[PDB]
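Here the Cβ positions follow ideal geometry from the backbone for every residue, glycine too, while neighbour counts run over all protein chains shown. Each value in this text was obtained by applying a stated rule to the coordinates, not by laboratory testing.
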Amino acid sequence: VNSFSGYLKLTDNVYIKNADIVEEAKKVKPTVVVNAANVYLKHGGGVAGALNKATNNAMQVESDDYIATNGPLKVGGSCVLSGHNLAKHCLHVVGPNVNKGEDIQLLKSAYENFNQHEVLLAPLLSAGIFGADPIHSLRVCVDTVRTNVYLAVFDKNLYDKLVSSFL
Ligand SMILES: NC(=O)[C@@]1(O)CCN(c2ncnc3[nH]ccc23)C1
Ligand SMILES: [Cl-]
């Protein structure tokens, strides 16, 4: 039993809710919140910009030190950093950004990072400003993640379409 509330159950391990991931994180304080990161951990917009804003830019400061030490992530890769005031940990996961021409096949690799964590709050990878079809992102999620994932979908109209079209 965990403290996630109001989710629709899609499968054995995947749950979905129309919610602002920032407000969800501030309520639940999960062990892991997933950020929709880019390889430079530049949290300018989308989910990343919103999560960083909620940390008062502390996520960006920590991220800049990480990059200065380690260099950029790989597309499809991840790193674990602090969750600041939102969660214990933030798993920064880089899905492909279609608006950069990145290979959508790397989306499965991106979701594989979730399997290293027993429970996660997460957005749909490569959705929103990353330019992939969110229906496809959901299918890959369900077919790749085996740990317990609670998906927050900010857009209510998008949330309704994802549920109704789910196979
Ligand atoms: N005032 C705010 O910060 C927002 O209400 C608008 C920006 N922000 C988000 N921007 C993009 N993608 C997102 N996914 C989940 C939340 C979210 C929250
Ligand atoms: Cl985003």
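With runs of 4+ DSSP H residues as the only contributors, calculate the mean residue ellipticity of the chain at 222 nm using -39,500 (n - 2.57) per run, divided by the residue total and rounded to the nearest 500.
-10000 deg cm²/dmol
Give the calculated FRET efficiency between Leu167 and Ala68 to the nearest 0.05, with a Förster radius of 41 Å applied to their Cβ-Cβ distance.
Step by step, r from the Cβ atoms, then E = 0.40.
Under 28 Å from the Cα of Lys156, which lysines turn up, not counting those fewer than eight places away in the same chain?
Within the straight-line limit of under 28 Å, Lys156 reaches these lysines: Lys9, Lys17, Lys26, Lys27, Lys29, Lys42, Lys53, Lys88, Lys100, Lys108.
If amide hydrogens are placed 1.01 Å from N in the peptide plane, which non-local residues have theirs closer than 5 Å to the one on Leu10?
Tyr15, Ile16
Can you compute the radius of gyration and Dmax for the range 1-121, using only the Cα atoms, both in Å?
14.2, 41
Using unit Cβ charges (K, R positive; D, E negative) and no other charged atoms, how large, in debye to the nearest 20, is the dipole of the range 46-167 about its Cα centre?
The calculation lands at about 180 debye.
Indicate, rounded to the nearest 5 percent, the antiparallel portion of the DSSP beta bridges found entirely in the chain.
DSSP beta bridges in the chain are roughly 30 percent antiparallel.
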